[PDB]
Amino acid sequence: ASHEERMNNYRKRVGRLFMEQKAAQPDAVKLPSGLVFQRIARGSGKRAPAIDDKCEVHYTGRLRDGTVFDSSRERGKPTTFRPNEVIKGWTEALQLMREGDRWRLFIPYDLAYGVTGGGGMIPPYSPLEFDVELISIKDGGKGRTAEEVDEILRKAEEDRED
């Protein structure tokens, strides 16, 4: 095995251990895609964004070792994204969040920057950790209802072992 293969095998191994350890947290929820989240706060909003709604958020992104690769909080002002403009783990999570929700997201590499990595700071095969707060959705949000979301999340917890 070449060095690159051995290095990426290592990256995949420790990344998978990280994902497993975070999914085993009692308040963590694992979704079928592989996305894991913990609720930091439950918002009072009643609608999740649609795939093309503009979401105002505060976030901090960290690698498995805690290194911060990007943070709107450090910039002192929120950032606005649509779900269809962001990595797959965020696209999925945002459509399951309502205004005021604050989540810790644990994103496996295949729902993040994948085999190439990104930004110079995220190497190949990196899981990512985000603390994300959904502050507002432009014009209220045209996605799932709070009740639709909660059923998905309830049912997701039920079928964890499946």
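Heads up: residue numbers just count along the shown sequence, starting at 1.
For the pair 137-145 and 14-22, the mean B factor over Cα atoms is greater in 137-145.
Of the two segments, 94-102 and 41-49, the one listed with the higher mean B-factor is 41-49 (C-alpha atoms only). Sort the modelled residues of the chain by CA B factor and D110 lands in the middle third.
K30 sits in the middle third of its chain by CA B factor, as recorded in the PDB entry. In this PDB entry, the Cα temperature factor of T80 sits in the top third of its chain's modelled residues, the highest group.
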